[PDB]
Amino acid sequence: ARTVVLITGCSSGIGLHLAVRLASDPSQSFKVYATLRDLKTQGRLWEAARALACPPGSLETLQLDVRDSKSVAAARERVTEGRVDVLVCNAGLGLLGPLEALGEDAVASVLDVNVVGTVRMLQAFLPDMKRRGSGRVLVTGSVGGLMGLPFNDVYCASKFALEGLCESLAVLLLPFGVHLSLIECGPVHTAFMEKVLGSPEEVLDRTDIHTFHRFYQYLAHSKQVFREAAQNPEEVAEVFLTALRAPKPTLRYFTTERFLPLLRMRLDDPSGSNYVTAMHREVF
């Protein structure tokens, strides 16, 4: 039994690099359980693990589908240590395009995986972290949870929710000695954006010409803004570590300092109209 860490969505991006960063730590103090929605996807994980010579006994891959309470509790009973000190809610789905262009199923999944799942992860672990009176939880934050971005309604929705689920919980947990931290990310080189963008071409068939133009117009800005500050998933894991070490973690950590002006100004405007203006005359 050492610092037992249970992380979700370890198949790629931040969930992978993190699992291996923690597991391969030179102070061999982290015993990580990298969970995966689907195990068949644990190749690149193991490959990296080997690439770092991440010592025997530290990383045990486990399967965990966030949109399944059955799948979650079982992956919990499989924690031989019988305790989790750090839980990391990381799984998540993206969604882009004209709101009217998405579908009900699509929308449900995003909120299903990104929010409810975070609830299942919490519901199953927090109890035990509470009677114990010690524990740490980390949730992969996002800009879209602190501000609104065009054609990112449902994702910014799923991420704004997490701000809610966490902050309210953070309150009650104060005397409980359990710790909640939202790692607020920005763009980052992960499997996340490399496919979710789908195919911008089909959109025109479920929207008006004026939005479609604006959808590509956003895409073009997106792609430029990404290849300007998309941080390395390793750089991002670094923040997860600094929170972990903090004796008294804060409600949130920020991986990039670029979105902090938009936020600052945004908070100086309660009606939210100065923000909407800026953000708009920024994307387009």
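From 1 onward, residues are counted along the sequence shown. For the two forms, the rigid core is made up of the largest set of C-alpha atoms that agree within 1.5 Å on superposition.
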Exercise. Taking C-alpha RMS after core alignment, which stretch differs more from the shown form in 7 other deposited structures of this protein: 176-184, or 200-208?
Worked result: 200-208
For this session: Please confirm whether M193, modelled here, goes without coordinates in at least one third of the other compared entries that cover both its neighbours.
Result: yes
Problem set entry | Mean Cα B-factor comparison, 69-77 or 146-154, giving the higher one as deposited | 69-77
Exercise. Is the mean CA B factor in the deposited entry higher across 174-182 or across 110-118?
Worked result: 174-182
Exercise. Based on the PDB record, which member of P127, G133, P200, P98 exhibits the highest Cα temperature factor?
Worked result: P200
For this session: Determine which member of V239, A229, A49, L62 has the highest CA B-factor, using the values in the deposited entry.
Result: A49
For this session: Can you work out whether the C-alpha temperature factor of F254 puts it in the lowest, middle or highest third of the chain?
Result: lowest
Exercise. Which third, lowest, middle or highest, does the CA B-factor of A243 fall in along this chain?
Worked result: lowest
Seminar exercise, completed: The third of the chain into which the C-alpha temperature factor of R83 falls is the middle
Seminar exercise, completed: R21: CA temperature factor from the record, placed by chain third, in the lowest
For this session: Ordered by C-alpha B-factor within the chain, which third holds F160? Give me lowest, middle or highest, please.
Result: lowest
